[PDB]
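Taking the form deposited in one PDB entry, here's one chain by itself in structure tokens.
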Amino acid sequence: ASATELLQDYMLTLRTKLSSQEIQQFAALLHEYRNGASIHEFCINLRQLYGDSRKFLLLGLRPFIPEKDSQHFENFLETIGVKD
């Protein structure tokens, strides 16, 4: 399964859990990040957006994080408790 396909599946999932406004917040975050914003900022903002109650949806973003930021992202996931 390609990243393109994975992202289509992921967005279909997100639209069942996030509101219309949250989905566009997500889009804008993924956009700032793909354009040079730091992984630290991306992660903290995602956490705030999804909130505690939807944090497990963050696992699904794995395929979209570039290898350079993979360690930071995995550590983030561990820290907020989605890898417990």
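Residues carry their position along the shown sequence, with the first being 1. Throughout, rigid core stands for the largest set of C-alpha atoms superposing within 1.5 Å between the two forms.
Unshown form solved in complex with a partner chain; subsequent notes refer to it.
- Residue contact check for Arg15: one or more of its heavy atoms lie within 4.5 Å of its partner chain in the deposited bound form.
- Though the partner is left out of this view, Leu58 does not reach within 4.5 Å of its partner chain in the deposited bound form, counting heavy atoms only.
- The closest non-hydrogen atom of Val82 lies beyond 4.5 Å of its partner chain in the deposited bound form.
- Though the partner is left out of this view, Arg54 does not reach within 4.5 Å of its partner chain in the deposited bound form, counting heavy atoms only.
- A movement of the C-alpha atom of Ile39 falling short of 2 angstroms is seen between the shown form and the other one when the two forms are aligned on their rigid core.
- Relative to the superposed core, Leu58 undergoes a C-alpha shift smaller than 2 Å between the shown form and the other one.
- The Cα position of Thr79 differs by less than 2 Å between the shown form and the other one after fitting on the rigid core.
- Relative to the shown form, the Cα atoms of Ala27 and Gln8 move apart by 3 Å or more in the deposited bound form.
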